[PDB]
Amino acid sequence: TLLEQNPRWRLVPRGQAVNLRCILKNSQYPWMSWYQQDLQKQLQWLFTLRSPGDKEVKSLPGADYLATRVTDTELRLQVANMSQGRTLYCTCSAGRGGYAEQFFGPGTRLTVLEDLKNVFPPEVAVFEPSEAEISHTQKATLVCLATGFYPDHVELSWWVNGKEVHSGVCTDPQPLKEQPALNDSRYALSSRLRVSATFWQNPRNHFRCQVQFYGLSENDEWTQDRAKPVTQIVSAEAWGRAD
């Protein structure tokens, strides 16, 4: 595309390391940089590394960093200690900072947990259009509730008759806290799908609210008795009510 990073997302338990990769797929911009993004959404330059084998170290509020330009097309980031979540952006340029400009990659989002048995997947519920809305407006608003997840990394999506829909949809920009103040609080999220009443009224038509929950990895220290809260898709569904 012209920069691919990995991992894309990662859960990290407090005071522990993670290795980051960025590969440059075009030598027209052969300077590479690392930039972090705070949770207050500030962008801070970490490193620019031009030549293979040079390494740079930095300590910031919330993480320690080791940067490494391995090849002409490989940058690496080690990120140690880390009390605060962040996003880490690789960037390439034809020069410096100023001389030509930076082009950001997709980022790695790093979420920090002080514990690990606060992690829960969402319950998902679908709510069918009201009969009063249908008669006032001849439109039909399904609602979907994702409740009781921690931590806050859910992507939500509507599917209509097997196809992903984007039109008619509005998901809350960020989730909200159920136990508001409580540093390990659980989150809820809301979304809306609106079709014409005659679209809903057809019982051929199938509607699924779908939530992708990012949580515990491949393997992790799960000493608990309850089910492992792994990455997973939780769904709820309804049919068109010719009523």
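Numbering starts at 1 and follows the sequence shown.
- 178-186 and 49-57 differ in mean CA B-factor, and the higher of the two is recorded for 178-186.
- Higher mean CA temperature factor, per the PDB entry, when comparing 95-103 with 141-149: 95-103.
- When the C-alpha B factors of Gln224, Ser235, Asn19, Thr231 are read from the deposited coordinates, the top value falls at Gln224.
- Annotation for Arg204, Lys41, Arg69, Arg194: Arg204 ranks highest, by Cα B-factor.
- Annotation for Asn118: CA B-factor lies in the highest third of the chain's modelled residues.
- Annotation for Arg76: CA B-factor lies in the middle third of the chain's modelled residues.
- Remark: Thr198 belongs to the middle third of its chain, ranked by C-alpha B-factor as recorded.
- Among the modelled residues of its chain, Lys163 has a C-alpha B-factor that falls in the highest third according to the deposited record.
- For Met32, the recorded CA temperature factor ranks within the middle third of the chain's modelled residues.
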